[PDB]
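Text of the file coords-v4.csv, holding CSV, C-alpha atoms and all ligand atoms:
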chain,number,residue,atom,x,y,z
O,3,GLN,CA,17.9,-21.0,-3.0
O,4,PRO,CA,18.5,-18.7,-0.1
O,5,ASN,CA,17.5,-15.1,0.5
O,6,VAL,CA,20.0,-12.3,-0.4
O,7,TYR,CA,21.2,-9.6,2.1
O,8,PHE,CA,23.0,-6.2,1.5
O,9,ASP,CA,24.6,-4.4,4.5
O,10,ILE,CA,24.3,-0.7,3.9
O,11,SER,CA,26.3,2.4,4.9
O,12,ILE,CA,25.1,6.0,4.4
O,13,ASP,CA,27.9,8.7,4.5
O,14,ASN,CA,30.2,5.8,5.7
O,15,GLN,CA,28.0,5.0,8.7
O,16,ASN,CA,26.3,1.6,9.1
O,17,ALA,CA,22.6,1.9,8.4
O,18,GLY,CA,21.5,-1.7,8.8
O,19,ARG,CA,20.6,-4.6,6.5
O,20,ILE,CA,18.2,-5.3,3.6
O,21,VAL,CA,17.2,-8.9,3.0
O,22,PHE,CA,15.4,-9.9,-0.3
O,23,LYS,CA,13.4,-13.0,-1.2
O,24,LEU,CA,13.9,-13.7,-5.0
O,25,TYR,CA,11.3,-15.2,-7.2
O,26,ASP,CA,13.4,-18.2,-8.5
O,27,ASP,CA,10.3,-20.2,-9.4
O,28,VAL,CA,9.1,-17.5,-11.8
O,29,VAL,CA,12.3,-15.8,-13.1
O,30,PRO,CA,15.1,-18.2,-12.4
O,31,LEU,CA,17.9,-16.8,-14.5
O,32,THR,CA,17.1,-13.1,-13.3
O,33,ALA,CA,17.1,-14.4,-9.6
O,34,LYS,CA,20.3,-16.4,-10.2
O,35,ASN,CA,22.2,-13.4,-11.7
O,36,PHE,CA,21.3,-11.1,-8.7
O,37,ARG,CA,22.1,-13.7,-6.2
O,38,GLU,CA,25.6,-14.6,-7.7
O,39,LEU,CA,26.4,-10.9,-8.1
O,40,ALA,CA,25.6,-10.5,-4.4
O,41,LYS,CA,27.8,-13.5,-3.4
O,42,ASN,CA,30.8,-12.5,-5.5
O,43,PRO,CA,33.8,-10.7,-4.0
O,44,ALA,CA,34.2,-6.9,-4.2
O,45,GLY,CA,34.9,-5.7,-7.7
O,46,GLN,CA,33.1,-8.7,-9.2
O,47,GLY,CA,29.6,-7.9,-8.0
O,48,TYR,CA,27.5,-5.8,-5.6
O,49,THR,CA,29.9,-5.9,-2.6
O,50,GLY,CA,31.6,-2.5,-2.4
O,51,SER,CA,29.3,-0.8,-5.0
O,52,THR,CA,26.9,2.1,-4.3
O,53,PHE,CA,23.2,3.1,-4.9
O,54,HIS,CA,24.2,5.7,-7.4
O,55,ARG,CA,20.8,7.0,-8.3
O,56,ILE,CA,18.0,7.6,-5.8
O,57,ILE,CA,14.7,9.3,-6.4
O,58,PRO,CA,12.2,9.7,-3.5
O,59,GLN,CA,8.7,8.4,-4.1
O,60,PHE,CA,10.0,6.4,-7.0
O,61,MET,CA,13.0,4.0,-6.5
O,62,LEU,CA,16.6,3.4,-5.4
O,63,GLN,CA,18.9,2.1,-8.1
O,64,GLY,CA,22.1,0.3,-7.9
O,65,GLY,CA,24.2,-2.5,-9.3
O,66,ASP,CA,26.7,-0.5,-11.5
O,67,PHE,CA,29.7,-2.1,-10.0
O,68,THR,CA,32.1,-1.3,-12.8
O,69,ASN,CA,31.5,2.5,-13.4
O,70,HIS,CA,29.4,3.5,-10.3
O,71,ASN,CA,27.3,5.9,-12.4
O,72,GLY,CA,24.7,4.1,-14.3
O,73,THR,CA,26.8,3.4,-17.5
O,74,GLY,CA,28.4,0.1,-16.4
O,75,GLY,CA,27.7,-3.3,-14.8
O,76,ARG,CA,27.3,-6.7,-16.4
O,77,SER,CA,25.3,-9.8,-15.7
O,78,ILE,CA,26.9,-13.2,-14.8
O,79,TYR,CA,25.9,-14.2,-18.4
O,80,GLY,CA,27.7,-11.3,-20.1
O,81,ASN,CA,26.8,-7.8,-20.9
O,82,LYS,CA,23.1,-8.3,-21.6
O,83,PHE,CA,20.6,-11.1,-21.0
O,84,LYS,CA,17.0,-11.5,-22.0
O,85,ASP,CA,13.8,-10.4,-20.3
O,86,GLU,CA,12.6,-13.8,-19.1
O,87,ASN,CA,9.0,-12.9,-18.7
O,88,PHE,CA,6.8,-10.1,-17.3
O,89,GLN,CA,4.5,-12.3,-15.3
O,90,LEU,CA,5.1,-10.3,-12.1
O,91,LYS,CA,3.9,-6.7,-11.8
O,92,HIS,CA,5.2,-3.6,-9.9
O,93,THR,CA,2.2,-3.8,-7.5
O,94,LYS,CA,3.7,-2.5,-4.2
O,95,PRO,CA,6.8,-0.8,-2.7
O,96,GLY,CA,9.8,-2.9,-1.9
O,97,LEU,CA,10.0,-4.8,-5.2
O,98,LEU,CA,13.3,-5.6,-7.0
O,99,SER,CA,13.1,-5.0,-10.8
O,100,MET,CA,15.8,-4.8,-13.5
O,101,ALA,CA,16.9,-1.6,-15.1
O,102,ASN,CA,17.6,-1.9,-18.8
O,103,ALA,CA,18.2,-0.1,-22.1
O,104,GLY,CA,15.2,-1.6,-23.9
O,105,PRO,CA,14.1,-5.3,-24.7
O,106,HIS,CA,16.5,-7.9,-23.7
O,107,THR,CA,19.3,-5.7,-22.3
O,108,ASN,CA,19.4,-6.7,-18.6
O,109,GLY,CA,22.8,-6.4,-16.9
O,110,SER,CA,23.6,-6.0,-13.3
O,111,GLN,CA,21.7,-2.7,-12.5
O,112,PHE,CA,18.4,-3.1,-10.6
O,113,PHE,CA,16.1,-0.8,-8.5
O,114,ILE,CA,14.0,-1.2,-5.4
O,115,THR,CA,10.6,0.5,-5.8
O,116,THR,CA,9.3,2.7,-2.9
O,117,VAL,CA,5.9,3.2,-4.4
O,118,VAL,CA,3.5,1.3,-6.8
O,119,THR,CA,5.1,1.8,-10.3
O,120,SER,CA,2.6,0.0,-12.5
O,121,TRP,CA,3.6,2.0,-15.6
O,122,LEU,CA,6.9,-0.1,-15.6
O,123,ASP,CA,4.9,-3.4,-16.0
O,124,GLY,CA,5.8,-5.3,-19.2
O,125,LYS,CA,9.0,-3.3,-19.6
O,126,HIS,CA,11.1,-4.3,-16.5
O,127,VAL,CA,11.4,-7.7,-15.1
O,128,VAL,CA,10.3,-8.0,-11.4
O,129,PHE,CA,12.3,-10.7,-9.7
O,130,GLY,CA,12.2,-10.3,-5.8
O,131,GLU,CA,10.9,-8.3,-2.8
O,132,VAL,CA,12.4,-6.8,0.4
O,133,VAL,CA,11.5,-9.1,3.3
O,134,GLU,CA,13.5,-7.3,6.1
O,135,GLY,CA,14.9,-3.8,6.3
O,136,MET,CA,12.2,-1.7,4.7
O,137,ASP,CA,13.4,0.8,7.4
O,138,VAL,CA,16.8,0.8,5.8
O,139,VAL,CA,15.2,1.2,2.3
O,140,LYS,CA,13.5,4.4,3.9
O,141,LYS,CA,16.7,5.8,5.1
O,142,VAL,CA,18.4,5.3,1.7
O,143,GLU,CA,15.5,6.8,-0.1
O,144,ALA,CA,15.8,9.9,2.3
O,145,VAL,CA,19.1,10.8,0.7
O,146,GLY,CA,17.7,11.0,-2.8
O,147,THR,CA,17.1,14.2,-4.7
O,148,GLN,CA,15.2,15.6,-7.7
O,149,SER,CA,18.3,14.9,-9.9
O,150,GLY,CA,18.7,11.3,-8.5
O,151,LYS,CA,22.2,12.2,-7.4
O,152,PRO,CA,22.3,11.0,-3.7
O,153,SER,CA,23.1,13.8,-1.2
O,154,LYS,CA,25.3,11.2,0.8
O,155,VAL,CA,27.2,8.2,-0.5
O,156,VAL,CA,25.2,4.9,0.0
O,157,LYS,CA,27.3,1.8,-0.1
O,158,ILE,CA,26.7,-1.9,-0.1
O,159,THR,CA,29.4,-2.7,2.4
O,160,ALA,CA,28.7,-6.5,2.3
O,161,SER,CA,26.4,-8.8,0.4
O,162,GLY,CA,25.7,-12.6,0.1
O,163,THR,CA,23.0,-15.1,1.0
O,164,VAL,CA,21.6,-15.7,4.4
V,201,K,K,30.0,-10.8,-1.4
V,202,NA,NA,28.5,5.1,2.7
V,203,NA,NA,29.6,-8.8,-4.6
V,204,NA,NA,25.7,1.5,-8.7
V,205,NA,NA,12.1,-5.0,8.8
So that I can check it, write out the structure of this file as C-alpha cells.
Amino acid sequence: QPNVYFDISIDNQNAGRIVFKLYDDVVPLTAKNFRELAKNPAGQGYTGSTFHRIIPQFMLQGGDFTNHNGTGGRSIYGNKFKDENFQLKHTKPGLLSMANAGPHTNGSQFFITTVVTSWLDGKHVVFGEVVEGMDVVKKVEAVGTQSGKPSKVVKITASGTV
C-alpha cells in the first residue's frame, strides 16, 4: 500500500509536501483509516482541513475535518475504532500517532511528533513516520504557541497517495 502525502500551506502560502510511510504490517486498520481519509475528497477527509493545534517541542495535531478545532472528525469505520496494539513506541521525532479520548476511541485526529514522546507509549497507537518533508514539519511547528493555537493558519491543501 502506497505512501501518503499532504501538501501544506501556511498563511495561505505553499510550504511544501510531507510524505508518510504507514506501518500497515503492524497496524493495518489504523494505517488504512489514515490513508483512505487522505485519498478522500475535501469535506470527507484530510484534504482542505487544518493542523489546528501545534505545540513546539511536542507535536503538530490535525485531522479534525468536521469541526476544525479538536472536537470533531470520524474514522472510516465510524466515530471510534479500537486501539489495534501498542507494539510501536514513540521513539523519535517525525512519528504519526493517533489522538484519542481514552482506550478504543480513535477517530480521524492524529499528531506528528517533533521530539521523543515516550510517555505516550501504550496509550496512543503509532502507525507511521515522515519519510520526506521533515523541513515542512519544522516550518509548521514554528507557528505553534504555548496555547497550541497556531499563529498562522496551516492547511492541508491536497492529500492522497504517491
Ligand atoms: K484527497
Ligand atoms: Na494556510
Ligand atoms: Na481528504
Ligand atoms: Na484539524
Ligand atoms: Na526531506
Edge lengths and centre in Å, axis-aligned, range 52-63 of chain O plus 6 Å each side, as AutoDock Vina command-line options:
--center_x 17.8 --center_y 5.9 --center_z -5.9 --size_x 30.2 --size_y 19.6 --size_z 16.8
Can you tell me which residues sit at most 7 Å away from ligand NA 204 (chain V), counting all atoms listed in the file, written as a PDB file with C-alpha atoms, in the coordinates of the input?
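As a result, part_32.pdb now contains:
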ATOM      1  CA  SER O  51      29.300  -0.800  -5.000  1.00  0.00           C
ATOM      2  CA  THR O  52      26.900   2.100  -4.300  1.00  0.00           C
ATOM      3  CA  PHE O  53      23.200   3.100  -4.900  1.00  0.00           C
ATOM      4  CA  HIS O  54      24.200   5.700  -7.400  1.00  0.00           C
ATOM      5  CA  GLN O  63      18.900   2.100  -8.100  1.00  0.00           C
ATOM      6  CA  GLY O  64      22.100   0.300  -7.900  1.00  0.00           C
ATOM      7  CA  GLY O  65      24.200  -2.500  -9.300  1.00  0.00           C
ATOM      8  CA  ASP O  66      26.700  -0.500 -11.500  1.00  0.00           C
ATOM      9  CA  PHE O  67      29.700  -2.100 -10.000  1.00  0.00           C
ATOM     10  CA  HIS O  70      29.400   3.500 -10.300  1.00  0.00           C
ATOM     11  CA  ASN O  71      27.300   5.900 -12.400  1.00  0.00           C
ATOM     12  CA  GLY O  72      24.700   4.100 -14.300  1.00  0.00           C
ATOM     13  CA  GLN O 111      21.700  -2.700 -12.500  1.00  0.00           C
TER      14      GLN O 111
END
*Tell me which of O:38, O:9, O:131, O:27 sits closest to residue 99 in chain O, counting only C-alpha atoms.*
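Once distances to residue 99 in chain O are computed over only C-alpha atoms, the minimum belongs to O:131.
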List all protein, DNA and RNA residues that have any atom at most 8 Å from ligand K 201 (chain V), counting all atoms listed in the file, and write the list as a PDB file with C-alpha atoms, keeping the file's coordinate frame.
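Output (out.pdb):
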ATOM      1  CA  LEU O  39      26.400 -10.900  -8.100  1.00  0.00           C
ATOM      2  CA  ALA O  40      25.600 -10.500  -4.400  1.00  0.00           C
ATOM      3  CA  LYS O  41      27.800 -13.500  -3.400  1.00  0.00           C
ATOM      4  CA  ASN O  42      30.800 -12.500  -5.500  1.00  0.00           C
ATOM      5  CA  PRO O  43      33.800 -10.700  -4.000  1.00  0.00           C
ATOM      6  CA  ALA O  44      34.200  -6.900  -4.200  1.00  0.00           C
ATOM      7  CA  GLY O  47      29.600  -7.900  -8.000  1.00  0.00           C
ATOM      8  CA  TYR O  48      27.500  -5.800  -5.600  1.00  0.00           C
ATOM      9  CA  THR O  49      29.900  -5.900  -2.600  1.00  0.00           C
ATOM     10  CA  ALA O 160      28.700  -6.500   2.300  1.00  0.00           C
ATOM     11  CA  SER O 161      26.400  -8.800   0.400  1.00  0.00           C
ATOM     12  CA  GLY O 162      25.700 -12.600   0.100  1.00  0.00           C
TER      13      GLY O 162
END
_Exercise: residue 61 in chain O partners within 7 Å, all atoms listed in the file, chain neighbours under 3 positions left out, as an MDAnalysis selection string_ = chainID O and resid 56:58 113:116
Keeping only C-alpha atoms, write those residues as a CSV table (one decimal), keeping the file's coordinate frame.
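Resulting contents of out.csv:
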chain,number,residue,atom,x,y,z
O,56,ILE,CA,18.0,7.6,-5.8
O,57,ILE,CA,14.7,9.3,-6.4
O,58,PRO,CA,12.2,9.7,-3.5
O,113,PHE,CA,16.1,-0.8,-8.5
O,114,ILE,CA,14.0,-1.2,-5.4
O,115,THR,CA,10.6,0.5,-5.8
O,116,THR,CA,9.3,2.7,-2.9
_For range 133-145 of chain O: contacts at 6 Å, all atoms listed in the file, fewer than 4 positions along chain excluded, given as number ranges by chain_ = O: 19-22, 58, 152-153
Determine, for each residue of chain O having at least one atom at most 6 Å from an atom of ligand NA 202 (chain V), the closest pair of atoms and their separation in Å to one decimal, counting all atoms listed in the file; order by chain and ascending number, as a Markdown table.
| residue | atom | partner | partner_atom | distance |
| --- | --- | --- | --- | --- |
| O:11 | CA | V:NA202 | NA | 4.1 |
| O:12 | CA | V:NA202 | NA | 3.9 |
| O:13 | CA | V:NA202 | NA | 4.1 |
| O:14 | CA | V:NA202 | NA | 3.5 |
| O:155 | CA | V:NA202 | NA | 4.6 |
| O:156 | CA | V:NA202 | NA | 4.3 |
| O:157 | CA | V:NA202 | NA | 4.5 |
*What is the CA of residue 101 in chain O to CA of residue 80 in chain O distance in Å?*
15.4 Å
*asked:* Calculated over all atoms listed in the file, which of the candidates O:84, O:37, O:23, O:55 has the smallest distance to residue 146 in chain O?
replied: O:55
*Looking at O:32, O:110, O:16, O:5, which one is nearest to ligand NA 203 (chain V), with distances taken over all atoms listed in the file?*
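For ligand NA 203 (chain V), the nearest of the given residues is O:110.
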